[PDB]
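Participant: Encoded as structure tokens, here's the structure I'll be asking about.
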Amino acid sequence: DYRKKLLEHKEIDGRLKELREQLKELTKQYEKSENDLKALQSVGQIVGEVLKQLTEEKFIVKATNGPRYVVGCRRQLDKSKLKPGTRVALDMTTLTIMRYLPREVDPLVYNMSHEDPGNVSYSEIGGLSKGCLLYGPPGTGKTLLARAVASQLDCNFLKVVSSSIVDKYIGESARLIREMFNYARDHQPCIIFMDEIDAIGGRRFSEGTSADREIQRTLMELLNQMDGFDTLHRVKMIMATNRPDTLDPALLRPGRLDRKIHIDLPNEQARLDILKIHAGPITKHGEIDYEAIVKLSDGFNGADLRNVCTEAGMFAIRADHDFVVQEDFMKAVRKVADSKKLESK
Amino acid sequence: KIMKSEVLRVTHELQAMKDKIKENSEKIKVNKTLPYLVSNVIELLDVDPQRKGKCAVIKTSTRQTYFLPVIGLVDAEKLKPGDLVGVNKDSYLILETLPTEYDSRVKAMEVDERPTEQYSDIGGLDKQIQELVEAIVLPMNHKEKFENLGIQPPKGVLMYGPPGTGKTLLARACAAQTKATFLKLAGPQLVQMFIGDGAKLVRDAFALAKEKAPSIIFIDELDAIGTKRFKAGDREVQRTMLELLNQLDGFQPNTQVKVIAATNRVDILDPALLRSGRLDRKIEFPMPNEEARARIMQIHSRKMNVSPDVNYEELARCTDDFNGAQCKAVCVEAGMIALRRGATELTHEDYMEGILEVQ
Amino acid sequence: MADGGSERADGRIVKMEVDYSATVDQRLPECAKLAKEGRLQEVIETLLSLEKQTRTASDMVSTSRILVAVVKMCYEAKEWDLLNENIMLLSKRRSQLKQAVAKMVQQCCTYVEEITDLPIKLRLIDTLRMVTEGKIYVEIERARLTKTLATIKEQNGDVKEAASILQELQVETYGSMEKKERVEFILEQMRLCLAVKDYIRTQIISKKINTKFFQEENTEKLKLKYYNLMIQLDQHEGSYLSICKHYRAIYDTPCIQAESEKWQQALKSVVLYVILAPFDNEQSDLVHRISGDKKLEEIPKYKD
């Protein structure tokens, strides 16, 4: 009688205290709406540029539209940013200065905006314990590793695509080799990725045309800036490719590509580890046997092992069963992997 | 329950807030009614040293540059360098941002809602088309089960084979089953007179696929531009093409709308087209035999008044090393001269008459 | 393919049991062409991880009972890149080279305690020239041989090699990324400095000591002991300012170890750096870093 009323009143108090969370969470957004409505009241600002300063308090501005004006100094800001050569902002009323406007560029936004998240990818590369060569044996995942450390820190996102040395016009790409590598020499930290270098890695065995001679000339600038008269002790380049046969044996000197990392699945612990990190979110029957999958798989591709395992999940989902036995894993990784061996020419 | 009696005052304050938000939330309709012009937005992060640094660069349509910080409502897909943003008369604030087109010559490439033909128009290809029918049905309805199994569907399927096999009308026939928006695109369309057009076409394809609703983008004649040359125009198509592959390799959020491709020949096979997001599904579509050609010609000719005395042996013998769309042209030609033949019923000589007529 | 050299390896280890060094001279042409062939990158790695164990196993059998070591040191001392001179395509392996040098220093480590005083000076004087002739290494064994020789030079009474070990240390510490080994090997900088006592050398080396290291990625169990062993010779060479910035960072020493013995050293030197502190600025603010600690008032010098 008395002992039950405390628990029952605790239940009424529970269902009474469980209704506040449905409102007090969205009231912060509702008040944030009026906060923004009070934040949109600062309107009517224009821009300008500073060329010549006569008086320390009042100087000449140059508007983007073309007409020039002269403005004063606001009591809040100081003469630090007031020096000439810095783009500033103006107001329509009294031509006061609220703050400045830092300059930028179009490709600089692309070079300073792309960021890939994910910190576990550095530990999801599997059992893997002045230049690096990532060649293309029957094993993939170089993009997951370069993008795994690149997604971890990379200290930047200075990605160098092999399609950026096209130079449709006259082959003066030396301005881009010295411009971008001059940016690498300017910025103290820098990491360079060179993915799919086989397209620009022509062996120039026969007499090359004007299209090949300019790319090989950019390779001559690479020679002159790797083993020429310029050291690269602090900067690092990652040469990724697909076929380790046409990789410019002149560029295969150990002066640049110190070590060789064969992206494969040789070790049983590496194949089992990558199989377990790709087999994370998969559900299956309690009967687990990964030693047959790891043992029967010999020299395969990592991301394509993910595609073969998910392909076995599609083969198992054809019969719309929630649980997935490992029979379709052994026979579907077996048969589909044998189809990859057929298409592995 | 005496300590829980103060909750009533809190609920009265909250319902009073819901009673008082109707006015300041009501002026949203009269202040945010209509942006009178269109102004381009360029994102540029500033630093104030709350007093936090946040700003943006504005450019009006009349070539006038002004100053304004990043303002407005809760932004999720905003903050990108896009156009068609909300703006008042002279306050020049950002109120309603929506991504815009222009250069309609690429935006209205192939505006198709849904086609007429379906997957039940062919015969003898279920063993190889069933994988694609699954690969377009299960990623559209079974998205819930993709979290229990941790499955991400591939975005690049290589529908390769000899020409004339119907690799376009059949993928469109499956696009009728996709129920999504169908959007064609031709290979040579990337080769333009001006420089940098291919970047605008590719970023336009991923602009409508990324921005728009779940759709279907089927391209064809990719082999005509997929040449791996070692100046050269196909190296410019290596700039645009390798740019597209960079947008299929460096973009992990590419789990959105797929990109279906079809090549009429695999002579110049780009080795860099092997990846989970890239053209990994390589299902070979050979030339249909006389049996399969009689099947697709029978189901494609099941509407015309065909004579019942067809043993398929004469047409099976005449159809040697032919393709699907060729027998479709034989069916259409038979439906063309069968009208002027007087007999409303399709005869048996019209098969070889069309075969020797157009070929 | 290594399948041809594997049979010669596992068969050679069985057939080579009692034969003298002449059969090794007969093996020199059998292994010269075997090292010249095998252009495969990842396949011949087993052949280089077996043949080297066959020839070094024959070196173990030759060094087991009787050893003159003259012809032994002449074979390797005169034949280093004989197989690397005909091959124009350097496979840039650097995979079995670390196992090569590490296995050589392992066998020399099993033969380095007490065997015969004569060949050790020529073998070590050879390998320290191999340090200079290498120019490409992880900088582990190159420091290992010269510090395990320097330890013998400590009791040998010849301190002339200090310029050698400390001159080669600069090369052995730049060009690679060493976190643990750099701190374990950096004590040689001020190890022989008690016997050398060169002021300009101290000026070169706390400068080269405190380049980039504050707390992390270096665990020793005595880190503070080596701190006291590294900022004591700078106090020996300096007069007062050397400890002003040192005794302000030993406040974590009582937190790491027992606080019983910290009263005699840490809480004794907690007042000396602020007494010897400059009168301009550091005295004004540095007196507040020690004020507030409960252990400060317990010192009888608190009134001072």
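Starting from 1 in every chain, residues are counted up; chains themselves are A, B, ... following the order of the structure tokens, and ligands are numbered from 1 as listed.
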For segment 201-217 of chain C, find every residue with an atom within 9 Å (counting only C-alpha atoms), except residues of its own chain fewer than 6 positions away, and show them as a list in words.
Facilitator: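 Near neighbours after the sequence-gap exclusion: residues 166, 170, 179, 180, 186, 189, 190, 193, 230, 231, 233, 234 and 237 of chain C.
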Participant: What residues in chain A have any atom no more than 6 Å from chain B when counting only C-alpha atoms, and can you write them as a compact mmCIF listing (two decimals) with C-alpha atoms, in the first residue's frame?
Facilitator:
```txt
# COMPACT_ATOMS: atom_id res chain seq x y z
CA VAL A 43 24.15 45.32 -43.81
CA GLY A 44 25.41 47.83 -46.35
CA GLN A 45 29.17 47.15 -46.49
CA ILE A 46 31.34 47.64 -49.59
CA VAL A 47 34.94 46.78 -50.47
CA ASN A 65 33.74 49.25 -59.52
CA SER A 163 46.24 15.14 -65.52
CA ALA A 211 53.27 15.33 -77.31
CA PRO A 281 29.79 -4.17 -40.37
CA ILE A 282 28.83 -7.47 -42.04
CA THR A 283 26.44 -9.78 -40.20
```
Participant: Within 12 Å of chain C, which residues of chain A show up? Give each one with its shortest atom-to-atom distance in Å (one decimal) and the two atoms involved, counting only C-alpha atoms, rows by chain then rising residue number, as a tab-separated table.
Facilitator:
```
residue	atom	partner	partner_atom	distance
A:130	CA	C:175	CA	10.5
A:132	CA	C:92	CA	11.8
A:133	CA	C:92	CA	11.1
A:137	CA	C:42	CA	10.6
A:232	CA	C:175	CA	11.6
A:233	CA	C:175	CA	8.0
A:234	CA	C:175	CA	9.8
A:244	CA	C:41	CA	10.6
A:245	CA	C:40	CA	11.7
A:249	CA	C:89	CA	8.5
A:250	CA	C:89	CA	9.9
A:251	CA	C:92	CA	11.8
A:252	CA	C:92	CA	8.3
A:253	CA	C:92	CA	7.4
A:254	CA	C:92	CA	5.2
A:255	CA	C:92	CA	8.9
A:256	CA	C:92	CA	10.0
A:257	CA	C:92	CA	7.9
A:258	CA	C:92	CA	6.7
A:259	CA	C:93	CA	6.8
A:260	CA	C:93	CA	7.2
A:261	CA	C:93	CA	10.2
A:262	CA	C:42	CA	8.5
A:263	CA	C:42	CA	11.7
A:264	CA	C:42	CA	11.2
A:266	CA	C:42	CA	10.5
```
Participant: Just the residues within 12 Å of residue 96 of chain A, please, counting only C-alpha atoms, with nothing from its chain fewer than 2 positions along; format it as a tab-separated table (two decimals) with N, CA and C atoms, in the first residue's frame.
Facilitator:
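The resulting file, around.tsv, is reproduced below:
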```
chain	number	residue	atom	x	y	z
A	44	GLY	N	25.00	46.64	-45.64
A	44	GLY	CA	25.41	47.83	-46.35
A	44	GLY	C	26.91	48.07	-46.44
A	45	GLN	N	27.72	47.02	-46.44
A	45	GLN	CA	29.17	47.15	-46.49
A	45	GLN	C	29.67	46.97	-47.92
A	46	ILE	N	30.72	47.71	-48.27
A	46	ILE	CA	31.34	47.64	-49.59
A	46	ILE	C	32.83	47.37	-49.40
A	47	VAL	N	33.52	47.14	-50.51
A	47	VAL	CA	34.94	46.78	-50.47
A	47	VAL	C	35.78	47.89	-51.08
A	48	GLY	N	37.10	47.73	-51.03
A	48	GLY	CA	38.01	48.72	-51.57
A	48	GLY	C	39.43	48.23	-51.45
A	58	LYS	N	44.03	59.21	-42.55
A	58	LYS	CA	43.11	59.17	-43.67
A	58	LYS	C	43.89	58.91	-44.95
A	59	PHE	N	43.47	57.91	-45.72
A	59	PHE	CA	44.19	57.47	-46.90
A	59	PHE	C	43.21	57.31	-48.07
A	61	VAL	N	41.36	55.07	-51.01
A	61	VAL	CA	40.89	53.72	-51.29
A	61	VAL	C	40.56	53.61	-52.77
A	69	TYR	N	37.88	56.69	-53.89
A	69	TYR	CA	37.40	57.52	-52.79
A	69	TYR	C	38.50	57.67	-51.75
A	70	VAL	N	38.22	58.45	-50.71
A	70	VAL	CA	39.10	58.59	-49.56
A	70	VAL	C	38.26	58.42	-48.30
A	71	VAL	N	38.81	57.69	-47.32
A	71	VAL	CA	38.10	57.35	-46.10
A	71	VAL	C	38.95	57.76	-44.90
A	72	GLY	N	38.37	57.58	-43.71
A	72	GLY	CA	39.03	57.86	-42.47
A	72	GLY	C	39.40	56.60	-41.70
A	73	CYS	N	39.73	56.79	-40.43
A	73	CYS	CA	40.12	55.71	-39.54
A	73	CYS	C	39.09	55.55	-38.43
A	74	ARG	N	38.73	54.30	-38.15
A	74	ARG	CA	37.78	54.01	-37.08
A	74	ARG	C	38.50	53.92	-35.75
A	75	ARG	N	37.83	54.38	-34.69
A	75	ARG	CA	38.45	54.44	-33.37
A	75	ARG	C	38.75	53.06	-32.80
A	76	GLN	N	38.14	52.00	-33.34
A	76	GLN	CA	38.37	50.66	-32.81
A	76	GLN	C	39.65	50.05	-33.37
A	77	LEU	N	39.79	50.04	-34.70
A	77	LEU	CA	40.96	49.44	-35.32
A	77	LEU	C	42.20	50.31	-35.10
A	88	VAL	N	40.77	46.15	-47.99
A	88	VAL	CA	39.93	46.44	-46.84
A	88	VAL	C	38.48	46.54	-47.29
A	89	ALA	N	37.60	46.81	-46.34
A	89	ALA	CA	36.17	46.96	-46.59
A	89	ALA	C	35.70	48.32	-46.09
A	90	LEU	N	34.65	48.83	-46.72
A	90	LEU	CA	34.11	50.15	-46.41
A	90	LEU	C	32.61	50.06	-46.17
A	91	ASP	N	32.04	51.17	-45.72
A	91	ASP	CA	30.61	51.28	-45.47
A	91	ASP	C	30.02	52.37	-46.35
A	92	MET	N	28.74	52.21	-46.68
A	92	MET	CA	28.07	53.21	-47.52
A	92	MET	C	27.88	54.52	-46.77
A	93	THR	N	27.63	54.46	-45.46
A	93	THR	CA	27.43	55.65	-44.65
A	93	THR	C	28.74	56.03	-43.97
A	94	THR	N	29.19	57.26	-44.18
A	94	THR	CA	30.38	57.87	-43.60
A	94	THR	C	31.67	57.23	-44.10
A	98	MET	N	35.10	48.80	-41.17
A	98	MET	CA	34.79	47.81	-40.15
A	98	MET	C	35.95	46.83	-39.97
A	99	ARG	N	36.38	46.20	-41.05
A	99	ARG	CA	37.52	45.29	-41.03
A	99	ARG	C	38.10	45.22	-42.43
A	100	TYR	N	39.13	44.40	-42.59
A	100	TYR	CA	39.82	44.25	-43.86
A	100	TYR	C	39.27	43.05	-44.62
```
Participant: Give me, as number ranges by chain, the residues of segment 26-266 of chain C that a backbone DSSP run labels helix (DSSP H, G or I).
Facilitator: C: 26-36, 45-48, 51-62, 70-78, 82-86, 96-110, 117-134, 141-156, 162-171, 180-188, 193-196, 199-204, 223-228, 233-237, 241-243, 250-256, 262-266
Participant: Considering only C-alpha atoms, return as an MDAnalysis selection string whatever protein or nucleic-acid residues lie within 12 Å of residue 60 of chain C, sequence-local ones (same chain, fewer than 3 positions apart) excluded.
Facilitator: chainID C and resid 13 16:18 20:21 52:57 63:67 69 72 103:104 106:108 110:111
Participant: Quick one: distance from atom CA of residue 165 of chain C to atom CA of residue 142 of chain C in Å, one decimal?
Facilitator: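 These two atoms are separated by 10.6 Å.
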Participant: Env of residue 227 of chain B: 8 Å cut, atoms = only C-alpha atoms, seq-sep filter 4 positions within chain, self excluded. Answer as an mmCIF file with C-alpha atoms, in the first residue's frame.
Facilitator:
```
data_model
loop_
_atom_site.group_PDB
_atom_site.id
_atom_site.type_symbol
_atom_site.label_atom_id
_atom_site.label_comp_id
_atom_site.auth_asym_id
_atom_site.auth_seq_id
_atom_site.Cartn_x
_atom_site.Cartn_y
_atom_site.Cartn_z
ATOM 1 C CA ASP B 223 35.425 4.051 -75.876
ATOM 2 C CA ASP B 234 42.695 12.569 -76.481
ATOM 3 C CA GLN B 238 42.716 12.485 -70.461
ATOM 4 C CA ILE B 268 41.738 0.663 -76.141
ATOM 5 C CA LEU B 269 41.043 -0.408 -72.556
ATOM 6 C CA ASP B 270 42.073 2.195 -69.983
#
```
Participant: Go ahead and compute the interatomic distance for atom CA of residue 133 of chain C and atom CA of residue 98 of chain C, in Å to one decimal.
Facilitator: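 Between atom CA of residue 133 of chain C and atom CA of residue 98 of chain C the gap is 15.3 Å.
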Participant: Quick one: pull the distance between atom CA of residue 194 of chain C and atom CA of residue 154 of chain C, Å, one decimal.
Facilitator: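 Separating atom CA of residue 194 of chain C from atom CA of residue 154 of chain C is a distance of 11.4 Å.
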Participant: Looking only at the backbone, which of the residues in segment 174-341 of chain A does DSSP tag as strand (DSSP E or B), as a list in words?
Facilitator: residues 191, 192, 193, 194, 195, 236, 237, 238, 239, 240, 257, 258, 259, 260, 261 and 262 of chain A
Participant: Find the spatial neighbours of residue 311 of chain A, counting only C-alpha atoms, within a cut-off of 10 Å - ignore same-chain residues fewer than 2 positions away - and output them as a PyMOL selection string.
Facilitator: (chain A and resi 304-309+313-317+328-329+332-333+336) or (chain B and resi 151+153-154)
Participant: Select, from A:274, A:265, A:166, A:200, the residue with the minimum atom-to-atom distance to residue 299 of chain A, counting only C-alpha atoms.
Facilitator: A:265
Participant: For residue 272 of chain C, work out the shell of residues within 10 Å, counting only C-alpha atoms and skipping chain neighbours fewer than 2 positions away, then give it as a VMD selection string.
Facilitator: chain C and resid 240 243 to 244 247 267 to 270 274 to 277
Participant: Please produce a file of those selected residues containing C-alpha atoms, as a JSON list (two decimals), in the first residue's frame.
Facilitator:
```
[["chain", "number", "residue", "atom", "x", "y", "z"],
["C", 240, "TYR", "CA", 75.10, 30.71, -12.91],
["C", 243, "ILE", "CA", 70.66, 26.38, -14.19],
["C", 244, "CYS", "CA", 68.15, 29.26, -14.27],
["C", 247, "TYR", "CA", 65.78, 24.16, -12.31],
["C", 267, "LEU", "CA", 63.47, 21.55, -3.00],
["C", 268, "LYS", "CA", 67.07, 22.62, -2.34],
["C", 269, "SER", "CA", 67.66, 23.76, -5.93],
["C", 270, "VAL", "CA", 64.16, 25.26, -6.14],
["C", 274, "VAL", "CA", 65.43, 32.20, -8.53],
["C", 275, "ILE", "CA", 68.29, 33.58, -6.41],
["C", 276, "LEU", "CA", 70.60, 33.54, -9.45],
["C", 277, "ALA", "CA", 67.77, 34.82, -11.67]]
```
